[PDB]
Amino acid sequence: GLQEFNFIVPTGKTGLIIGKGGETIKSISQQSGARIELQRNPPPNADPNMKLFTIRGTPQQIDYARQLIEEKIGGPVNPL
């Protein structure tokens with residue numbers, strides 16, 4: 001059963017999740033079993049200083065991916 005978790009971070013922290021090369025987001029997706037989607041075309045009322053992410057998986061996969069992302073950015077994500 002697949003579910004979704006939406007969160008935001010400041011645009012400047014996106015690197016810490018992606019990694020030099022895109023190695024970090026690939027490694028978190030592989031270890032967790034979840035997909036990690038960066039919003040491609042934000043609507044015009046979206047804050048340009050914030051970036052939306054969506055974790056897609058089973059709840060167990062989503063929880064694990066969220067904990068790995070939180071280690072990298074050094075604190076909790078902002079949930080929507």
# chains A, B, ... in the order shown; residues from 1 in each chain; ligands from 1

$ residues_around --residues "residue 76 of chain A" --least-positions-apart "4" --cutoff "10 Å" --atoms "only C-alpha atoms" --output "list in words"
residues 7, 9, 66, 67, 69, 70 and 71 of chain A

$ write_last_selection --atoms "N, CA and C atoms" --output "PDB file, in the first residue's frame"
ATOM      1  N   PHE A   7       6.996  17.565   2.178  1.00  0.00           N
ATOM      2  CA  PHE A   7       7.741  18.417   3.132  1.00  0.00           C
ATOM      3  C   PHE A   7       8.429  19.547   2.354  1.00  0.00           C
ATOM      4  N   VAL A   9      11.938  22.385   2.490  1.00  0.00           N
ATOM      5  CA  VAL A   9      13.183  22.933   3.078  1.00  0.00           C
ATOM      6  C   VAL A   9      13.515  24.216   2.338  1.00  0.00           C
ATOM      7  N   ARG A  66      12.712   9.545   5.567  1.00  0.00           N
ATOM      8  CA  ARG A  66      12.619  10.813   6.313  1.00  0.00           C
ATOM      9  C   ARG A  66      13.760  10.885   7.347  1.00  0.00           C
ATOM     10  N   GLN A  67      14.009   9.812   8.105  1.00  0.00           N
ATOM     11  CA  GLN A  67      15.085   9.816   9.140  1.00  0.00           C
ATOM     12  C   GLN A  67      16.446  10.047   8.462  1.00  0.00           C
ATOM     13  N   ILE A  69      17.108  11.613   5.546  1.00  0.00           N
ATOM     14  CA  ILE A  69      17.121  13.041   5.095  1.00  0.00           C
ATOM     15  C   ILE A  69      17.418  13.968   6.306  1.00  0.00           C
ATOM     16  N   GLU A  70      16.787  13.710   7.447  1.00  0.00           N
ATOM     17  CA  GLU A  70      16.945  14.546   8.654  1.00  0.00           C
ATOM     18  C   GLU A  70      18.411  14.466   9.172  1.00  0.00           C
ATOM     19  N   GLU A  71      19.089  13.314   9.110  1.00  0.00           N
ATOM     20  CA  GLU A  71      20.540  13.256   9.455  1.00  0.00           C
ATOM     21  C   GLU A  71      21.299  14.266   8.578  1.00  0.00           C
TER      22      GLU A  71
END

$ closest_atom_pairs --of "segment 57-79 of chain A" --to "segment 24-43 of chain A" --cutoff "7 Å" --atoms "only C-alpha atoms" --output "CSV"
residue,atom,partner,partner_atom,distance
A:57,CA,A:34,CA,4.8
A:61,CA,A:32,CA,5.3
A:62,CA,A:34,CA,6.2
A:64,CA,A:32,CA,5.7
A:65,CA,A:32,CA,5.3
A:68,CA,A:28,CA,6.7

$ select_by_dssp --residues "chain A" --states "alpha helix (DSSP H)" --output "PyMOL selection string"
chain A and resi 14-18+23-32+59-73

$ write_last_selection --atoms "N, CA, C and O atoms" --output "short mmCIF file (atom, residue, chain, number, x, y, z; two decimals), in the first residue's frame"
data_model
loop_
_atom_site.label_atom_id
_atom_site.label_comp_id
_atom_site.auth_asym_id
_atom_site.auth_seq_id
_atom_site.Cartn_x
_atom_site.Cartn_y
_atom_site.Cartn_z
N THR A 14 18.88 22.15 -0.42
CA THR A 14 18.52 21.06 -1.36
C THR A 14 19.76 20.24 -1.70
O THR A 14 19.62 19.01 -1.84
N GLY A 15 20.92 20.89 -1.87
CA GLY A 15 22.22 20.25 -2.09
C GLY A 15 22.53 19.13 -1.09
O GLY A 15 23.25 18.23 -1.48
N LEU A 16 22.15 19.31 0.18
CA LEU A 16 22.54 18.40 1.30
C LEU A 16 21.74 17.11 1.12
O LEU A 16 22.25 16.06 1.45
N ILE A 17 20.58 17.20 0.45
CA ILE A 17 19.71 16.03 0.19
C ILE A 17 20.17 15.38 -1.13
O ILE A 17 20.30 14.10 -1.16
N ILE A 18 20.46 16.22 -2.16
CA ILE A 18 20.82 15.72 -3.54
C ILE A 18 22.21 15.10 -3.51
O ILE A 18 22.37 13.96 -4.00
N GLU A 23 24.39 11.68 -5.76
CA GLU A 23 24.75 10.40 -5.10
C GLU A 23 23.91 10.21 -3.82
O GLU A 23 23.58 9.05 -3.47
N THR A 24 23.61 11.29 -3.10
CA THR A 24 22.97 11.21 -1.76
C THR A 24 21.51 10.83 -1.92
O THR A 24 21.05 9.92 -1.20
N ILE A 25 20.77 11.49 -2.81
CA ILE A 25 19.33 11.18 -3.01
C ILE A 25 19.20 9.74 -3.56
O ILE A 25 18.30 9.00 -3.09
N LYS A 26 20.05 9.34 -4.50
CA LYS A 26 20.08 7.95 -5.02
C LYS A 26 20.35 6.95 -3.89
O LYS A 26 19.63 5.92 -3.82
N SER A 27 21.35 7.21 -3.06
CA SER A 27 21.69 6.33 -1.91
C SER A 27 20.50 6.22 -0.90
O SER A 27 20.24 5.10 -0.43
N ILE A 28 19.81 7.33 -0.60
CA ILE A 28 18.64 7.33 0.34
C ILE A 28 17.47 6.54 -0.30
O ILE A 28 16.83 5.73 0.42
N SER A 29 17.23 6.72 -1.59
CA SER A 29 16.18 5.98 -2.33
C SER A 29 16.50 4.48 -2.30
O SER A 29 15.58 3.68 -1.91
N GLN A 30 17.74 4.10 -2.61
CA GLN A 30 18.18 2.68 -2.59
C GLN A 30 18.02 2.06 -1.18
O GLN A 30 17.44 0.93 -1.09
N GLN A 31 18.54 2.70 -0.13
CA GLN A 31 18.55 2.13 1.24
C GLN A 31 17.11 2.03 1.76
O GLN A 31 16.85 1.11 2.54
N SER A 32 16.24 3.03 1.49
CA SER A 32 14.87 3.14 2.07
C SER A 32 13.87 2.25 1.31
O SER A 32 12.86 1.77 1.97
N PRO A 59 4.39 3.23 4.23
CA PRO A 59 4.72 4.04 5.39
C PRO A 59 6.10 3.71 6.00
O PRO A 59 6.76 4.65 6.45
N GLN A 60 6.45 2.44 6.10
CA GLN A 60 7.72 1.97 6.69
C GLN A 60 8.88 2.58 5.86
O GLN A 60 9.88 3.10 6.47
N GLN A 61 8.75 2.56 4.55
CA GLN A 61 9.81 3.08 3.64
C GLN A 61 9.92 4.60 3.83
O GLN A 61 11.13 5.17 3.83
N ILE A 62 8.77 5.27 3.86
CA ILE A 62 8.68 6.75 4.00
C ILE A 62 9.37 7.18 5.32
O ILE A 62 10.19 8.14 5.28
N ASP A 63 9.05 6.52 6.43
CA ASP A 63 9.62 6.82 7.79
C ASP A 63 11.17 6.72 7.74
O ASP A 63 11.88 7.65 8.28
N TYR A 64 11.69 5.65 7.18
CA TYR A 64 13.17 5.42 7.06
C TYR A 64 13.85 6.52 6.22
O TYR A 64 14.90 7.07 6.66
N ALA A 65 13.32 6.81 5.03
CA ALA A 65 13.82 7.88 4.12
C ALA A 65 13.80 9.23 4.85
O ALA A 65 14.80 9.97 4.74
N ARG A 66 12.71 9.55 5.57
CA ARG A 66 12.62 10.81 6.31
C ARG A 66 13.76 10.89 7.35
O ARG A 66 14.44 11.95 7.42
N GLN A 67 14.01 9.81 8.11
CA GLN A 67 15.08 9.82 9.14
C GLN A 67 16.45 10.05 8.46
O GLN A 67 17.27 10.82 9.03
N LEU A 68 16.72 9.40 7.34
CA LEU A 68 18.01 9.57 6.61
C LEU A 68 18.16 11.02 6.10
O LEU A 68 19.27 11.62 6.24
N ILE A 69 17.11 11.61 5.55
CA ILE A 69 17.12 13.04 5.10
C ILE A 69 17.42 13.97 6.31
O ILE A 69 18.28 14.92 6.18
N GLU A 70 16.79 13.71 7.45
CA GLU A 70 16.94 14.55 8.65
C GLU A 70 18.41 14.47 9.17
O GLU A 70 18.93 15.54 9.59
N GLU A 71 19.09 13.31 9.11
CA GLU A 71 20.54 13.26 9.45
C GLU A 71 21.30 14.27 8.58
O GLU A 71 22.11 15.01 9.12
N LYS A 72 21.04 14.28 7.27
CA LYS A 72 21.82 15.08 6.29
C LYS A 72 21.60 16.58 6.50
O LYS A 72 22.58 17.36 6.32
N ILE A 73 20.39 17.02 6.77
CA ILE A 73 20.13 18.47 6.90
C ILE A 73 20.33 18.91 8.35
O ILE A 73 20.31 20.10 8.55
#

$ closest_residue --among "A:79, A:46, A:74, A:55" --to "residue 3 of chain A" --atoms "only C-alpha atoms"
A:55

$ atom_distance --atom1 "atom CA of residue 22 of chain A" --atom2 "atom CA of residue 56 of chain A"
18.2 Å

$ atom_distance --atom1 "atom CA of residue 54 of chain A" --atom2 "atom CA of residue 8 of chain A"
9.0 Å

$ atom_distance --atom1 "atom CA of residue 5 of chain A" --atom2 "atom CA of residue 21 of chain A"
24.6 Å

$ closest_residue --among "A:45, A:20, A:6, A:58" --to "residue 78 of chain A" --atoms "only C-alpha atoms"
A:6
